[PDB]
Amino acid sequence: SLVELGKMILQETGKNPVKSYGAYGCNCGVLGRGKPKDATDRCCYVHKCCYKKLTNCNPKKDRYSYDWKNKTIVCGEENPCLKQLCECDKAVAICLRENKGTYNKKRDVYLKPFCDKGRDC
């Protein structure tokens, strides 16, 4: 859920996940997918397609455990669905950190007027 995902983003990027990625581009936050605007948007695109392959758990509400060892997200053993979900969340947190260099404040809202329909995952 967002408790784990938002914490990972905070730990990797240092940014408020709700205010910085709650509605970034066409793919970051809620409101689904779309053709990505930038590298940051592409990370969230990757992420939501990771989520869609998961069907035995609920990424929105299911909780899971992980720990922070040597400043690295270490996913715990849960079951396979929850461990797969942990890995999706870890991947996007690292991705967003690596593309902070091109984060653009221009694209942080909720109407999505220019977002095109995304291709199938």
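Throughout, we count residues from 1 along the sequence that is shown.
- Stretch comparison (101-109 versus 6-14) by mean CA B-factor in the PDB entry places 101-109 on top.
- Stretch comparison (77-85 versus 90-98) by mean CA B-factor in the PDB entry places 77-85 on top.
- For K69, the recorded CA B-factor ranks within the lowest third of the chain. Only modelled residues enter the ranking.
- Sorting the modelled residues of the chain by their CA temperature factor places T40 in the lowest third.
- For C49, the recorded CA B-factor ranks within the middle third of the chain. Only modelled residues enter the ranking.
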